[PDB]
Amino acid sequence: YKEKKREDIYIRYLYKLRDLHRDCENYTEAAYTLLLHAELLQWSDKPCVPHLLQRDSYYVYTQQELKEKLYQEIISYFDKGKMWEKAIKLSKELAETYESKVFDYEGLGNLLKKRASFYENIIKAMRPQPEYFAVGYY
Amino acid sequence: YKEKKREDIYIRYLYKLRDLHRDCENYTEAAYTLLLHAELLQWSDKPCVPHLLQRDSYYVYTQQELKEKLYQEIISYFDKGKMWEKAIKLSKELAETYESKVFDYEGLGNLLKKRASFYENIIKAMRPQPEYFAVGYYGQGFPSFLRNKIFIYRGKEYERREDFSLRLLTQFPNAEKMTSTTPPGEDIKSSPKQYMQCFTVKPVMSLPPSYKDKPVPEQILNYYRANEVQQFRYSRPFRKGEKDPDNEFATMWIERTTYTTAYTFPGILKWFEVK
Amino acid sequence: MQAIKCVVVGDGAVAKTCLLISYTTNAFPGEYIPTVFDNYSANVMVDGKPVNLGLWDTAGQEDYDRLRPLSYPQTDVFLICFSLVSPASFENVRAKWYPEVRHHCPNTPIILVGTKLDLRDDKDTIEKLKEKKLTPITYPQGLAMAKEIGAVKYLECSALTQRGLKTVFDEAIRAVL
């Protein structure tokens, strides 16, 4: 579909895959897919197409607001995905958006609370490394 | 000393002033002075001169570390100084330094905790505005930097004009108040018997950058109403035309007086000479 | 943080509005800028905490007696006003202003306030009143009227000098407090 550029159905199966990955609890991969969804959005205000307006809930959802919701979800995923570097990375732009576009400082406070928790998690504990294998199909 | 550029003694009296301001609990001004001290430092590692190595405690103190300590102190000052915008501003570079030069993420966490507290403080509560008065010193008995001079004073949050006038008289013998509030007295541009005059002036709105059209909440603006200001105006009533009985708006002509001082309130001093 | 209701009335020949606006403006004496609208407000601390304030600038001529009392309800204090140099104002207040005020709100801390405190001792004004057979009435009979009402205070001030004017309003605020 991306080759065919028909974006809406692309989003549909993207969400399908997000469902799948959550079923597998592959938090990281679900986060990545949902990010590819979020990547289409912008920090603008006008909702340009209802294509991005999906079936989950249907009302105004300015691109700004939906992008916020997606970023919050992805942050949560990475948090339980134990991958806090990307979490902090995204938190940075999210805080940027709060403080320069919507000016809701409560969101700033909660987000920074979470970012501090992330830094603590990075520094304090440790995480196992996944082994990587090569598979040759013939 | 800054003119003479002899930096070490400059720092010494800078710290003297910091002591003074803390005695006055003028947290903001103490923070500013201590900042001027900190401004000399850099985020480098090598302690370049022991001049900055002051008498408080004397050992290695890489410029990086001392700058960190100063920034922490200034952050605390602003916090109790109830001026959280500068607090957040400095917190930003401090976090930058932690994460890009020393990589102590615990410091990141504590600093961000404090920054969140700052944002909460900005958004939730409110803060009174300090009234601003103009002080015109005249005469000859005034000190050299006071004779025929005009200053602007960052009064308290609720200084009724005559209260501040009383305080100023407490500062001085020859406590007589002029009544031609606008113009100076040429005789008193040379006469002894120091003459003064005081009155409230309007804090002209600042220019919050990148804020000109966004539908920002009021709180940041109300903060900008009084703080980070350099322009001050005073309206001048005047009758110009016929004084017809039922009407006065046929004669009102305001000769506003805009005042610019070299520095921006708030500053190291609760007052400043008009420039 | 809180606010206080406070009405002010009086004959239109004294320009109480000048006093009120000068106080709220914190301007130089005799240097107030008169606006076009009434019912001024301010935000002052008198003791302990700052309070918001609202001054009901009420027109004083007889006709608006239908609209003025509708603002009286739930007014924390009212400030009755006159001109120290106007015996006619005394007639009006002891005869009309004071009685109807006590009628509408028999339950309110009240302070009587003088005006043109300088003009009470203005020799030219005094001689004009004598040649016009009016009396530059002095304090003690004003005190007598205050006792007649037993107002929580009675004060005398002026606009060109603002003397006691701050004392006037601090007493007014602390009347509730």
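Counting neighbours? That spans all protein chains shown, and the Cβs are built from the backbone with ideal geometry, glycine included. Rule-based calculations on the coordinates, nothing more; no lab input.
Once both labels are positioned 7 Å from their Cα atoms along Cα-to-Cβ, the gap between residue B:260 and residue B:169 label points is 3.6 nm.
Which value, to two decimals, describes the C-alpha radius of gyration of chain C once divided by 2.2 N^0.38 Å?
Numbers: Rg = 15.7 Å, N = 177, 2.2 N^0.38 = 15.7 Å.
So chain C has a normalised radius of gyration of 1.00.
Principal-axis analysis of the Cα atoms of chain B puts helix B:161-170 at an angle of about 80° to the longest axis.
Computed over every Cα-Cα pair of the range B:90-235 and binned at 5 Å starting from 0, the pair-distance distribution P(r) comes out as 2, 8, 13, 14, 12, 11, 9, 8, 8, 7, 5, 2, 1, 0 percent.
Is the C-alpha gyration tensor of the range B:206-251 telling us rounded, prolate or oblate? Criteria: a/c under 1.5 is rounded; beyond that, a/b larger than b/c is prolate, otherwise oblate. Please report the intermediate quantities before stating the final value.
Working: a/c = 4.15, a/b = 2.77, b/c = 1.50.
Prolate, because a/c is 1.5 or more and a/b exceeds b/c.
Evaluating 6.51 cos²θ - 1.76 cosθ + 1.60 at θ = phi - 60° for every residue in the range A:5-14, the Karplus couplings come out as 6, 6, 5, 5, 4, 3, 4, 4, 5, 4 Hz, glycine and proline recorded as x. Other residues whose C-beta falls under 15 angstrom from the C-beta of residue C:45 contribute a net charge of -1, scoring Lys and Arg +1 and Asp and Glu -1. Amide H contacts under 5 Å for residue B:202: B:233, B:234, restricted to partners 5 or more places along the chain or on a different chain, H placed in the peptide plane at 1.01 Å from N. Distance distribution P(r), the range C:49-130, all Cα-Cα pairs, bin width 10 angstrom from 0: 14, 43, 28, 14, 1 percent. Once you reduce the range C:16-53 and the range B:80-110 to the center of their Cα atoms, the two points are 43 Å from each other.
Remark: the range A:50-55, residue by residue, has Karplus-estimated 3J(HN,Hα) of x, 4, 5, 6, 7, 8 Hz, where x stands for each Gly or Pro and the curve is 6.51 cos²θ - 1.76 cosθ + 1.60 at θ = phi - 60°.
What's the local net charge at residue B:47, with K and R +1, D and E -1, over the other residues with C-beta under 11 Å away?
Details: positive: B:46, B:67; negative: B:45, B:65.
With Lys, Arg at +1 and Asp, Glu at -1, the net is 0.
One Cα centroid belongs to the range C:61-102, the other to the range C:116-177; the line between them spans 16 Å. Any idea what angle helix B:84-97 forms with the longest principal axis of chain B, computed on alpha-carbon atoms, 0 to 90 degrees, nearest 10? Result, in degrees: 30. Projecting the Cα atoms of C:35, C:97, C:107 onto the charge dipole of chain C, computed from C-beta unit charges around the Cα centre, puts C:107 farthest toward the positive end.
Springs between Cα atoms under 10 Å define the GNM used for chain B, and in it the highest mean-square fluctuation of B:231, B:171, B:42 occurs at B:171. D by Stokes-Einstein for the protein assembly as shown, Kirkwood Rh over Cα pairs, 25 °C, 0.890 mPa s: 81 µm²/s. Using the Cβ-Cβ distance between residue C:74 and residue C:148 with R0 set to 35 Å, the FRET efficiency from 1/(1 + (r/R0)^6) comes to roughly 0.85. Computed from phi, the 3J(HN,Hα) profile of the range A:26-37 under the Karplus parametrisation 6.51, -1.76, 1.60 (θ = phi - 60°) reads 6, 3, 4, 5, 4, 4, 4, 4, 4, 5, 3, 4 Hz, with x in place of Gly and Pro.
Amide H contacts of residue C:53: C:4, C:42, C:43, C:44, each under 5 Å away and 5 or more positions distant or on a separate chain (H built 1.01 Å from N in the peptide plane; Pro and chain starts excluded). Once the Cα atoms of helix B:63-80 and of chain B are each reduced to a long axis, what angle between those two axes, in degrees from 0 to 90 to the nearest 10, is obtained? Around 50 degrees separate the two axes. The calculated 222 nm mean residue ellipticity attributable to helices in chain A amounts to -20500 deg cm²/dmol, summing -39500 (n - 2.57) over DSSP H runs of n ≥ 4 and dividing by all residues. A viscosity of 1.002 mPa s and a temperature of 20 °C, combined with the Kirkwood radius over Cα pairs in Stokes-Einstein, give a translational diffusion coefficient for chain B of 98 µm²/s.
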